[PDB]
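Peer 1: Take this structure first; my questions come after.
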Amino acid sequence: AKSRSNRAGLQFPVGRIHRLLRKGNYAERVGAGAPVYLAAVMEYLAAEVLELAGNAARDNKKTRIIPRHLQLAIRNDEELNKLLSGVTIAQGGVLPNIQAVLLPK
Amino acid sequence: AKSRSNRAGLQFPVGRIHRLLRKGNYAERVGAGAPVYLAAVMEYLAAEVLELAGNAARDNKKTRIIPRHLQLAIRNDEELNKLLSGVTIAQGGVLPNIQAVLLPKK
Amino acid sequence: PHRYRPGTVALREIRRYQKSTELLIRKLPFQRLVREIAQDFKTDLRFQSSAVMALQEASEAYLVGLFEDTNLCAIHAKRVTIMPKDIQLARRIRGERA
Amino acid sequence: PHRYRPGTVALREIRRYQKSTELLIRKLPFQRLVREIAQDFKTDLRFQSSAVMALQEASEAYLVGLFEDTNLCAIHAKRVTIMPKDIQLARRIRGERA
Amino acid sequence: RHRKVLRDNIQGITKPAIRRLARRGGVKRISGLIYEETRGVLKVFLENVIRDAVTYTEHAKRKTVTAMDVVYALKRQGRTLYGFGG
Amino acid sequence: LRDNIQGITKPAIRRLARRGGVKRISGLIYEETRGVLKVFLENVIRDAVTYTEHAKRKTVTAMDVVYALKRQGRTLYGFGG
Amino acid sequence: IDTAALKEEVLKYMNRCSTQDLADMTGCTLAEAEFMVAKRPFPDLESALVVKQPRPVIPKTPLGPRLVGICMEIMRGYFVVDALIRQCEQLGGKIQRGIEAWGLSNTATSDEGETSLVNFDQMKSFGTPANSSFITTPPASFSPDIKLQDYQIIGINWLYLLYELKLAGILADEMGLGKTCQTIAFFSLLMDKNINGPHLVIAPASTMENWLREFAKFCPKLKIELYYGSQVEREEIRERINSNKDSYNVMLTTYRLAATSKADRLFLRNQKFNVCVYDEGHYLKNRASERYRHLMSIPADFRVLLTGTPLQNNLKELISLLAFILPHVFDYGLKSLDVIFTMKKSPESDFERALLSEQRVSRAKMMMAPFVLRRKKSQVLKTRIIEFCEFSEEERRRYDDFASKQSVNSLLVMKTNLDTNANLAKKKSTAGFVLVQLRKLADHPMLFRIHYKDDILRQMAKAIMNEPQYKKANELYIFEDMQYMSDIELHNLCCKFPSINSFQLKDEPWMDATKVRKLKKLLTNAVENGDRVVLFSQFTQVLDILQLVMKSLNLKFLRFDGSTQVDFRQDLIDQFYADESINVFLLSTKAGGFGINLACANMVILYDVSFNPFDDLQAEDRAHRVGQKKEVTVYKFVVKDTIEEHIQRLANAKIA
Amino acid sequence: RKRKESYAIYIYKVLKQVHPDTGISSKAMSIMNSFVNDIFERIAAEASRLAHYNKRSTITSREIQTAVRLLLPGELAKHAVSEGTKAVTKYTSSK
Amino acid sequence: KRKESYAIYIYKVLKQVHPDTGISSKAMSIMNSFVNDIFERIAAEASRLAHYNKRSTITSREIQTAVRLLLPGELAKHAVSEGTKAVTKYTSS
DNA sequence: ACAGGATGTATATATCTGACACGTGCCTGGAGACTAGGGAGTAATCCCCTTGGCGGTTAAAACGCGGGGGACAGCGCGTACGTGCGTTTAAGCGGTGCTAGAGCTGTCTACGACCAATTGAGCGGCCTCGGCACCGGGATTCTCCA
DNA sequence: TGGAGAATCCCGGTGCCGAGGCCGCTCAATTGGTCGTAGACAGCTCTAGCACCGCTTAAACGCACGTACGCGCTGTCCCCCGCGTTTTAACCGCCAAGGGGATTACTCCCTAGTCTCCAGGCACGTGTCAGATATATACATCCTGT
């Protein structure tokens with residue numbers, strides 16, 4: 001039995017998305033070729049934050065991805081940041097940012 | 001041949017509301033009381049905005065409610081304002097608001 | 001002849017334009033702006049005659065909702081004139097230039 | 001003995017606290033505040049031990065998102081200190097005291 | 001005299017217009033370099049709603065921008081506009 | 001003894017703005033933000049109980065706080081859902 | 001109206017009518033009209049009432065009650081068409097009885113829809129009888145320095161005999177035959193009879209100036225009221241008339257001013273004009289409009305139309321003219337013809353091609369004939385010459401490769417598009433540019449890009465920056481702004497504005513044309529005598545060419561454009577008829593063709609010929625009189641085998 | 001064939017129930033045909049989450065009664081919940 | 001007792017991008033929240049898109065509209081070339 | 001201005017240590033087949049609504065000029081807040097205990113999907129009379145200079 | 001220092017157009033069964049959460065001080081409001097096509113729905129290793145004097 005994500009060439013369980021997209025009441029009918037497209041954009045988006053995370057965790061000289069690496073990953077990007085504009089994060093804090101008039105005279 | 005809204009004794013059409021929750025995909029099952037309760041709260045809400053408009057258009061002695069009276073009604077009350085804070089009204093304009101520092105010689 | 005005090009004519013236009021409700025940008029300069037950014041985005045597009053009308057009051061109520069807001073910053077700096085750092089403060093707080 | 005320059009210790013705490021990520025309000029004063037407004041709203045309520053934890057970082061990231069914002073207004077008035085008219089400007093633009 | 005051919009329409013929002021516009025929003029006196037900045041602000045506002053309402057109509061397999069899609073494009077930002085059929 | 005609203009203590013907000021990058025604070029800020037925080041909680045803890053009110057539970061869970069903070073516009077990650 | 005006779009006229013209709021004649025009256029589709037007549041013959045309306053299209057098989061009004069519902073209203077309004085035609089038949093014969101009371105001949109048949117009273121040479125020879133109402137001599141209040149022709153003597157008493165009978169007239173002579181010169185004379189003949197107004201002339205802003213010129217020129221005793229200016233200026237005009245310190249016989253307005261302001265609407269209603277003259281009342285052609293009601297709401301004891309169009313085969317035109325000429329029918333309800341006029345023409349149906357309606361269009365034209373006075377050119381003849389020009393190799397070398405740049409390889413090959421566009425590639429054809437460009441190849445060939453192709457305009461670009469023409473960075477925009485202008489114009493911004501003068505003259509290439517060396521023949525048609533000429537030219541760049549073809553041979557002084565449409569022109573037209581200092585005043589198609597000039601300028605020359613009969617004759621009768629003292633001849637320029645010759649009619653005739 | 005639904009006559013109705021002496025321009029009535037359509041859109045969107053959160057498939061009166069406290073501000077919602085529990089009670093005894 | 005998540009799949013991608021990188025379980029909870037926000041925010045649009053044009057189905061086209069609509073453009077540019085590339089591998093089966 | 005002590009900070013190693021990682025059973029969720037049936041292609045149609053052109057107005061932009069007023073700038077001065085020490089105190093750690101109750105299975109059932117015919121409520125349209133815009137005339141009122 | 005002068009509110013009048021009522025009509029709400037399952041409840045548990053309660057120590061609390069920043073005053077001039085002349089380009093109306101819009105008829109295929117299957121994925125159980133943290137340790141940075 002060839003799995004649907006493997007014939008799509010992905011990792012995300014497209015059966016799980018196809019099971020959720022029926023019961024989530026987003027329509028009364030969902031195309032078979034629909035949630036394969038949703039699995040790809042999810043596996044793209046989960047990769048793209050995480051690739052920028054593992055860049056930042058590399059700079060902190062650690063192997064473990066920690067929530068401090070996440071918030072510094074998302075805010076440092078611009079285009080990702082506007083997606084997660086109003087979105088907060090847990091345990092993340094804020095990017096280091098000094099305003100210009102804060103330095104002493 | 002009594003309507004369910006007539007059996008509610010109310011004036012927003014409760015039948016097509018119960019039809020709207022069927023094809024709006026909001027859930028799979030709708031209770032009997034759910035569109036009845038929803039038509040009541042629209043009857044309370046759509047009156048409460050319209051009650052403030054009718055007192056507003058009475059000030060300028062206009063029988064026709066112009067939406068300028070309507071937008072003046074909603075933002076003047078502070079509680080209805082928080083319902084529609086991110087909403088504009090067509091032909092709406094703004095409330096009379098000049099800050100005090102812009103006024104002439106005291 | 002007689003010239004008014006400066007600002008006092010401008011204050012009269014506040015009470016003239018707060019009580020009135022007509023549209024404040026001419027239609028055809030607004031419409032020809034819209035079609036320019038249209039075929040920049042995708043070409044061969046026509047518009048419904050009321051579709052630009054809502055698009056106008058979208059922008060106009062947005063621009064009043066900016067200008068009435070950016071007036072509050074210029075008051076807060078103890079001035080009575082807006083400057084391009086005042087409007088730059090406005091979208092930074094609102095969620096554009098964060 | 002030796003006293004530092006004023007502000008310069010405070011500037012060190014900026015770089016100490018921007019690089020760190022721990023919670024900045026003690027848990028038990030935050031928790032006993034929560035239960036007070038709870039039975040004010042409806043009584044006989046218990047809390048999950050992680051439920052107040054997310055509630056903390058809800059408020060704390062909101063308070064940083066206010067304070068980092070209200071710093072921008074005090075800069076805009078050519079000062080370096082915030083005053084209660086600065087934070088009063090912040091929620092007025094953001095959409096509370098409009 | 002065919003010298004703007006779909007370019008200088010950002011100058012169509014003229015300097016008296018934004019002069020007129022801030023009077024409704026209640027600004028007392030305007031500095032002279034404001035007009036160029038709000039030209040950029042307004043255009044980057046339109047470059048979202050035209051971006052969205054095209055994508056609706058381009059999904060609608062048709063080319064005429066209708067009315068309610070603008071309201072649906074304006075919903076995607078969170079600026080609901082009324083009085084246009086929804 | 002002490003007020004729980006005064007449990008949010010004056011060194012804490014002073015420590016808080018240092019994360020936000022404010023150099024020097026006025027002493028009147030400490031009794032303003034206490035109003036700002038408490039009006040913030042009376043939205044979210046209003047919403048937080050009403051989910052548990054709907055579930056007919058007598059305990060507040062963490063998952064409801066997210067479902068409270070979702071319709072606030074202040075959506076928050078890292079806690080499930 | 002008889003409902004029992006109404007239900008019989010639909011019974012004879014439905015059993016008889018063809019499928020296309022069913023849809024032409026009803027507006028329905030071809031399948032429903034066939035399905036209606038598939039069940040027919042119909043002995044009664046109830047046998048038609050059971051017609052319904054069947055329900056769709058398994059793979060909100062029925063067809064009967066719909067079609068019998070509309071055709072009953074069609075037969076209702078048909079009798080109202082008859083109730084208007086038969087009433088128009090009444091006053092129509094009285095005009096003919098008034099025309100036969102002159103003892104004058106009519107060369108027009110009633111089925112033409114016109115009357116055509118040419119001349120009264122039998123009344124000139126034997127005298128005017130004692131019972132005739134005709135006035136052979138021009139009115140004394142008219143200017144005696146201007147002669148009115150014998151057909152122009154007819155029309156003012158054609159207006160006057162129609163003025164007696166309490167009607168509305170249509171002086172529908174072709175334009176340029178002095179229709180404006182008669183109505184000023186009709187105002188002067190009314191001045192002879194102590195009927196001194198107030199009259200209204202609604203003439204558009206393109207002809208607000210010809211009348212005010214000829215008001216001074218043809219009847220200077222006639223008191224003119226100019227109701228024109230700004231809104232607050234006309235308010236002072238309205239106060240100038242509401243405080244009656246000066247009586248006027250004549251008020252002049254446009255179609256613009258008369259209807260868009262309520263203030264003018266209550267003003268003109270409060271003037272109560274005697275005669276109203278409708279100069280190009282094309283709103284009277286469209287009955288279903290706000291403007292047409294606005295045209296007729298203003299009171300007038302005598303309503304006159306001035307338009308050179310004959311009565312066409314269009315019942316939407318004719319019924320709109322039937323309410324005009326017949327009094328107290330505009331005051332009638334007219335609720336039975338809105339159904340007649342609301343069927344918009346379609347690919348499927350048209351109300352003009354209905355069989356019962358087509359018999360009524362002939363029936364409406366037959367009775368509207370003594371109300372329409374149209375005299376043709378050749379019935380009162382301006383000897384016509386059509387002088388073809390020889391070819392020149394300069395015109396021909398761009399004419400003969402215009403069988404290649406015109407013939408795009410797209411029709412009679414298919415480009416790849418999104419969907420199966422079977423006829424959009426047909427609908428991108430018949431573009432009007434290449435026809436008028438072929439009608440510009442036949443014109444003066446200098447207007448094309450034959451002089452300064454690409455590189456001479458770069459030298460203009462650097463040598464126009466050395467001026468106050470110095471913007472931010474405009475070396476490749478002004479040059480591109482100079483890439484689309486014509487070579488006469490790219491000469492005309494380097495001769496009128498001397499910023500660059502190295503290539504202003506190109507060895508005078510305006511003299512190198514087949515139409516100008518034949519005009520050099522026409523120039524030598526102006527050297528044996530004082531032949532001051534009328535030179536029409538269809539195009540403005542052609543006028544900008546022809547202003548400078550006179551910059552070589554004989555001096556150019558005044559380019560007589562048709563863009564003088566703001567106020568009355570005199571100084572363009574009065575200082576003329578001298579020997580050679582003022583010889584060539586270049587008329588144009590965009591000039592006002594309602595009015596004319598002095599008849600001494602005999603040879604009228606057309607540089608370009610026409611496509612439709614809207615200006616086939618207006619450019620061709622400015623010196624057309626019956627009392628000219630010398631030889632008078634109209635000219636038009638035609639080239640070898642261009643389509644400018646092929647818009648002139650040479651294909652074939654019909655034998656019937 | 002062309003047909004379109006609205007709420008206008010019912011709003012025009014609720015006007016005469018509270019004010020017999022008022023007219024509405026059609027552009028003003030189109031606000032209320034949108035304004036009640038936004039409010040109906042939001043409260044259904046609340047219950048769709050709320051029915052999903054207790055993993056139910058139904059929508060009863062309790063979900064909407066939860067929702068109208070959740071969405072509307074306090075005092076407006078305070079009459080509004082009583083404006084419904086009175087109204088379904090008249091629906092309760094009838095039939 | 002039974003709960004379901006994405007925690008094996010997130011880590012999966014992680015090791016197929018950064019094979020030499022650990023991840024805390026708190027950071028896993030961010031990602032499992034991050035998936036169920038983006039999946040939540042997309043399907044609300046695809047419902048409403050088909051609701052606007054009255055299609056009773058959710059297909060590949062509407063999600064393609066929402067990803068051009070919801071996410072910004074350069075993020076939209078790669079994503080629209082991702083799933084179309086992904087469904088083409090799905091197509092030949 | 002440079003020196004330098006004082007203070008702070010990353011380095012680097014060493015030692016926990018628990019949290020991440022793999023592994024293993026297990027099961028339920030997902031894949032494959034099949035089928036209805038209807039939702040959508042689609043192609044045709046047709047009618048409308050858009051748009052492109054033209055003209056003709058004229059309110060409206062626009063350019064300029066002046067002047068005066070708000071903005072910046074500098075000064076002063078003083079206050080209230082940083083900054084460190086010392087003292088208090090309670091936050092937190094980590095146990096302890098208890099117990100509502102949250103979450104779970106189990107059982108009916110009662111309410112709502114469903115389809116059918118029913119039948120009138122609403123909706124498209126068409127009048128029509130009156131609110132409302134104008135508008136000009138008319139008395140009032142603020143605002144600038146004595 | 002009140003009196004002039006621009007803008008204003010009030011109003012009679014016109015009138016107009018459009019909201020509004022009458023009517024047809026239609027299709028969709030309502031009624032009425034009938035099925036079944038989704039939810040209500042009864043029960044249980046165990047667990048997570050409450051609360052004691054003592055220790056402790058970091059942090060809060062309190063305090064001098066000084067100094068800087070903040071608020072104020074004066075000044076200055078630069079800039080933009082205010083009106084006037086010009087002009088333009090918007091508004092307006094019409095008149096076009098005409099191609100895009102919406103509808104229907106028609107099919108189809110594709111996707112819900114059911115069943116079977118079976119392993120992919122999960123709860124839990126280990127383990128080790130990154131990582132947190134002391135701690136020397138050298139090294140950077142601000143502080144003030146000469």
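Convention: chains lettered A, B, ... in structure tokens order; per-chain residue numbering from 1; ligands numbered from 1 as shown.
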Write out as a PyMOL selection string the set of residues from range 7-81 of chain E that DSSP, computed on the backbone, places in alpha helix (DSSP H).
Peer 2: chain E and resi 15-25+34-59+68-77
Peer 1: What are the residues of chain G that have an atom within 10 Å of an atom of chain E, counting only C-alpha atoms, as an MDAnalysis selection string?
Peer 2: chainID G and resid 477:478 480:481 484
Peer 1: Give me the residues within 12 Å of residue 71 in chain G as a PDB file with N, CA and C atoms, in the first residue's frame, counting only C-alpha atoms (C1' of nucleotides) and dropping any in the same chain fewer than 6 places off.
Peer 2:
```pdb
ATOM      1  N   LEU G   6     -59.551  44.054 -30.679  1.00  0.00           N
ATOM      2  CA  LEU G   6     -58.147  43.781 -30.384  1.00  0.00           C
ATOM      3  C   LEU G   6     -57.862  42.286 -30.404  1.00  0.00           C
ATOM      4  N   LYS G   7     -58.784  41.488 -29.870  1.00  0.00           N
ATOM      5  CA  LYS G   7     -58.542  40.055 -29.755  1.00  0.00           C
ATOM      6  C   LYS G   7     -58.759  39.346 -31.086  1.00  0.00           C
ATOM      7  N   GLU G   8     -59.340  40.045 -32.064  1.00  0.00           N
ATOM      8  CA  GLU G   8     -59.489  39.479 -33.402  1.00  0.00           C
ATOM      9  C   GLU G   8     -58.254  39.758 -34.248  1.00  0.00           C
ATOM     10  N   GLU G   9     -57.644  40.931 -34.052  1.00  0.00           N
ATOM     11  CA  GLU G   9     -56.470  41.316 -34.828  1.00  0.00           C
ATOM     12  C   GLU G   9     -55.246  40.489 -34.444  1.00  0.00           C
ATOM     13  N   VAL G  10     -55.261  39.879 -33.258  1.00  0.00           N
ATOM     14  CA  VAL G  10     -54.184  38.967 -32.887  1.00  0.00           C
ATOM     15  C   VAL G  10     -54.495  37.563 -33.387  1.00  0.00           C
ATOM     16  N   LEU G  11     -55.772  37.284 -33.649  1.00  0.00           N
ATOM     17  CA  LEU G  11     -56.145  35.973 -34.160  1.00  0.00           C
ATOM     18  C   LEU G  11     -55.787  35.847 -35.633  1.00  0.00           C
ATOM     19  N   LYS G  12     -55.933  36.937 -36.390  1.00  0.00           N
ATOM     20  CA  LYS G  12     -55.509  36.927 -37.788  1.00  0.00           C
ATOM     21  C   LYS G  12     -53.993  37.024 -37.899  1.00  0.00           C
ATOM     22  N   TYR G  13     -53.344  37.586 -36.876  1.00  0.00           N
ATOM     23  CA  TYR G  13     -51.895  37.747 -36.903  1.00  0.00           C
ATOM     24  C   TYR G  13     -51.195  36.415 -36.686  1.00  0.00           C
ATOM     25  N   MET G  14     -51.573  35.706 -35.625  1.00  0.00           N
ATOM     26  CA  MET G  14     -50.842  34.541 -35.146  1.00  0.00           C
ATOM     27  C   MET G  14     -50.944  33.335 -36.087  1.00  0.00           C
ATOM     28  N   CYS G  17     -48.550  34.782 -39.281  1.00  0.00           N
ATOM     29  CA  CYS G  17     -47.212  35.348 -39.169  1.00  0.00           C
ATOM     30  C   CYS G  17     -46.132  34.281 -39.286  1.00  0.00           C
ATOM     31  N   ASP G  21     -41.225  37.027 -38.312  1.00  0.00           N
ATOM     32  CA  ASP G  21     -42.165  38.115 -38.076  1.00  0.00           C
ATOM     33  C   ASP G  21     -42.878  37.936 -36.743  1.00  0.00           C
ATOM     34  N   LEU G  22     -42.880  36.715 -36.205  1.00  0.00           N
ATOM     35  CA  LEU G  22     -43.365  36.527 -34.846  1.00  0.00           C
ATOM     36  C   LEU G  22     -42.380  37.098 -33.837  1.00  0.00           C
ATOM     37  N   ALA G  23     -41.086  36.853 -34.045  1.00  0.00           N
ATOM     38  CA  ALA G  23     -40.085  37.305 -33.084  1.00  0.00           C
ATOM     39  C   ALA G  23     -39.796  38.794 -33.235  1.00  0.00           C
ATOM     40  N   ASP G  24     -40.048  39.354 -34.421  1.00  0.00           N
ATOM     41  CA  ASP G  24     -39.769  40.769 -34.651  1.00  0.00           C
ATOM     42  C   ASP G  24     -40.749  41.651 -33.893  1.00  0.00           C
ATOM     43  N   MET G  25     -41.946  41.141 -33.639  1.00  0.00           N
ATOM     44  CA  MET G  25     -42.946  41.901 -32.917  1.00  0.00           C
ATOM     45  C   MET G  25     -42.894  41.616 -31.422  1.00  0.00           C
ATOM     46  N   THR G  26     -42.502  40.390 -31.066  1.00  0.00           N
ATOM     47  CA  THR G  26     -42.545  39.943 -29.680  1.00  0.00           C
ATOM     48  C   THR G  26     -41.204  40.030 -28.965  1.00  0.00           C
ATOM     49  N   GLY G  27     -40.092  39.924 -29.689  1.00  0.00           N
ATOM     50  CA  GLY G  27     -38.786  39.925 -29.064  1.00  0.00           C
ATOM     51  C   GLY G  27     -38.341  38.596 -28.496  1.00  0.00           C
ATOM     52  N   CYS G  28     -39.127  37.537 -28.672  1.00  0.00           N
ATOM     53  CA  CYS G  28     -38.790  36.229 -28.132  1.00  0.00           C
ATOM     54  C   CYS G  28     -37.756  35.530 -29.016  1.00  0.00           C
ATOM     55  N   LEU G  45     -58.042  32.499 -28.969  1.00  0.00           N
ATOM     56  CA  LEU G  45     -56.947  32.847 -28.069  1.00  0.00           C
ATOM     57  C   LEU G  45     -56.721  31.773 -27.016  1.00  0.00           C
ATOM     58  N   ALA G  48     -54.437  29.294 -28.202  1.00  0.00           N
ATOM     59  CA  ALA G  48     -53.074  29.770 -28.028  1.00  0.00           C
ATOM     60  C   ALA G  48     -52.662  29.780 -26.560  1.00  0.00           C
ATOM     61  N   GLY G  64     -47.729  30.415 -24.137  1.00  0.00           N
ATOM     62  CA  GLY G  64     -49.002  30.933 -24.581  1.00  0.00           C
ATOM     63  C   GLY G  64     -49.365  32.291 -24.010  1.00  0.00           C
ATOM     64  N   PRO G  65     -49.582  32.366 -22.685  1.00  0.00           N
ATOM     65  CA  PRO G  65     -49.965  33.656 -22.068  1.00  0.00           C
ATOM     66  C   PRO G  65     -48.915  34.753 -22.155  1.00  0.00           C
ATOM     67  N   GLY G  77     -51.091  49.237 -29.781  1.00  0.00           N
ATOM     68  CA  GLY G  77     -50.317  50.407 -30.169  1.00  0.00           C
ATOM     69  C   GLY G  77     -50.287  50.628 -31.669  1.00  0.00           C
ATOM     70  N   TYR G  78     -50.511  49.557 -32.440  1.00  0.00           N
ATOM     71  CA  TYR G  78     -50.626  49.691 -33.890  1.00  0.00           C
ATOM     72  C   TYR G  78     -51.803  50.562 -34.278  1.00  0.00           C
ATOM     73  N   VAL G 339     -44.333  50.668 -24.917  1.00  0.00           N
ATOM     74  CA  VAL G 339     -44.126  49.253 -25.222  1.00  0.00           C
ATOM     75  C   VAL G 339     -43.518  49.101 -26.610  1.00  0.00           C
ATOM     76  N   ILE G 340     -43.912  49.978 -27.535  1.00  0.00           N
ATOM     77  CA  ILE G 340     -43.397  49.948 -28.898  1.00  0.00           C
ATOM     78  C   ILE G 340     -41.914  50.317 -28.922  1.00  0.00           C
ATOM     79  N   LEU G 356     -46.276  44.059 -40.226  1.00  0.00           N
ATOM     80  CA  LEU G 356     -47.308  45.062 -39.989  1.00  0.00           C
ATOM     81  C   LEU G 356     -46.696  46.424 -39.675  1.00  0.00           C
TER      82      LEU G 356
END
```
Peer 1: What residues in chain B lie within 12 Å of chain I, counting only C-alpha atoms, written as a PDB file with N, CA, C and O atoms, in the first residue's frame?
Peer 2:
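Written file, result-v3.pdb:
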```
ATOM      1  N   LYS B  23     -26.709  25.518   5.149  1.00  0.00           N
ATOM      2  CA  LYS B  23     -25.792  25.595   4.028  1.00  0.00           C
ATOM      3  C   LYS B  23     -24.607  26.504   4.287  1.00  0.00           C
ATOM      4  O   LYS B  23     -23.763  26.657   3.403  1.00  0.00           O
ATOM      5  N   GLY B  24     -24.515  27.100   5.465  1.00  0.00           N
ATOM      6  CA  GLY B  24     -23.336  27.868   5.797  1.00  0.00           C
ATOM      7  C   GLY B  24     -22.170  27.070   6.327  1.00  0.00           C
ATOM      8  O   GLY B  24     -21.121  27.657   6.605  1.00  0.00           O
ATOM      9  N   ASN B  25     -22.344  25.752   6.471  1.00  0.00           N
ATOM     10  CA  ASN B  25     -21.333  24.820   6.975  1.00  0.00           C
ATOM     11  C   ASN B  25     -20.810  25.219   8.343  1.00  0.00           C
ATOM     12  O   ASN B  25     -19.636  25.021   8.649  1.00  0.00           O
ATOM     13  N   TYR B  26     -21.661  25.796   9.175  1.00  0.00           N
ATOM     14  CA  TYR B  26     -21.179  26.210  10.477  1.00  0.00           C
ATOM     15  C   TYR B  26     -21.113  25.047  11.444  1.00  0.00           C
ATOM     16  O   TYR B  26     -20.252  25.034  12.326  1.00  0.00           O
TER      17      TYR B  26
END
```
Peer 1: Chain J near chain E within 12 Å: what's each residue's closest atom pair and its distance in Å to one decimal, counting only C-alpha atoms (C1' of nucleotides), ordered by chain then ascending residue number, as JSON lines?
Peer 2:
```
{"residue": "J:49", "atom": "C1'", "partner": "E:64", "partner_atom": "CA", "distance": 10.8}
{"residue": "J:50", "atom": "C1'", "partner": "E:64", "partner_atom": "CA", "distance": 9.2}
{"residue": "J:51", "atom": "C1'", "partner": "E:64", "partner_atom": "CA", "distance": 11.9}
{"residue": "J:60", "atom": "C1'", "partner": "E:16", "partner_atom": "CA", "distance": 9.7}
{"residue": "J:61", "atom": "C1'", "partner": "E:16", "partner_atom": "CA", "distance": 7.3}
{"residue": "J:62", "atom": "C1'", "partner": "E:16", "partner_atom": "CA", "distance": 9.3}
{"residue": "J:69", "atom": "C1'", "partner": "E:29", "partner_atom": "CA", "distance": 11.3}
{"residue": "J:70", "atom": "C1'", "partner": "E:29", "partner_atom": "CA", "distance": 9.8}
{"residue": "J:71", "atom": "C1'", "partner": "E:31", "partner_atom": "CA", "distance": 11.1}
```
Peer 1: Residues of chain B that approach chain H to 9 Å or less, counting only C-alpha atoms: could you list each one with the shortest pair of atoms and its distance in Å to one decimal, rows by chain and increasing residue number, as a Markdown table?
Peer 2:
```
| residue | atom | partner | partner_atom | distance |
| --- | --- | --- | --- | --- |
| B:4 | CA | H:91 | CA | 7.6 |
| B:5 | CA | H:91 | CA | 8.4 |
| B:7 | CA | H:91 | CA | 6.0 |
| B:8 | CA | H:91 | CA | 5.0 |
| B:9 | CA | H:90 | CA | 7.6 |
| B:10 | CA | H:87 | CA | 8.2 |
| B:11 | CA | H:10 | CA | 6.3 |
| B:12 | CA | H:10 | CA | 5.9 |
| B:13 | CA | H:10 | CA | 7.6 |
| B:21 | CA | H:44 | CA | 7.9 |
| B:24 | CA | H:44 | CA | 8.8 |
| B:25 | CA | H:48 | CA | 8.6 |
| B:26 | CA | H:48 | CA | 5.2 |
| B:27 | CA | H:48 | CA | 6.0 |
| B:28 | CA | H:57 | CA | 5.7 |
| B:29 | CA | H:58 | CA | 4.4 |
| B:30 | CA | H:59 | CA | 4.8 |
| B:31 | CA | H:60 | CA | 4.6 |
| B:32 | CA | H:60 | CA | 7.1 |
| B:33 | CA | H:61 | CA | 5.1 |
| B:34 | CA | H:61 | CA | 4.3 |
| B:35 | CA | H:61 | CA | 7.9 |
| B:36 | CA | H:88 | CA | 6.2 |
| B:37 | CA | H:84 | CA | 5.1 |
| B:38 | CA | H:64 | CA | 7.0 |
| B:39 | CA | H:84 | CA | 8.3 |
| B:40 | CA | H:84 | CA | 5.3 |
| B:41 | CA | H:80 | CA | 5.8 |
| B:42 | CA | H:36 | CA | 6.7 |
| B:43 | CA | H:14 | CA | 7.6 |
| B:44 | CA | H:80 | CA | 6.4 |
| B:45 | CA | H:80 | CA | 7.7 |
| B:46 | CA | H:36 | CA | 6.6 |
| B:47 | CA | H:14 | CA | 6.5 |
| B:48 | CA | H:76 | CA | 8.9 |
| B:50 | CA | H:15 | CA | 7.1 |
| B:51 | CA | H:18 | CA | 7.3 |
| B:54 | CA | H:22 | CA | 6.9 |
| B:57 | CA | H:22 | CA | 8.6 |
| B:58 | CA | H:22 | CA | 8.8 |
| B:62 | CA | H:22 | CA | 8.2 |
| B:63 | CA | H:22 | CA | 4.8 |
| B:64 | CA | H:23 | CA | 4.0 |
| B:65 | CA | H:24 | CA | 4.7 |
| B:66 | CA | H:28 | CA | 6.0 |
| B:67 | CA | H:28 | CA | 5.1 |
| B:68 | CA | H:28 | CA | 8.9 |
| B:70 | CA | H:28 | CA | 7.8 |
| B:79 | CA | H:73 | CA | 6.6 |
| B:80 | CA | H:76 | CA | 7.6 |
| B:82 | CA | H:73 | CA | 7.2 |
| B:83 | CA | H:72 | CA | 6.3 |
| B:89 | CA | H:31 | CA | 7.6 |
| B:90 | CA | H:31 | CA | 7.8 |
```
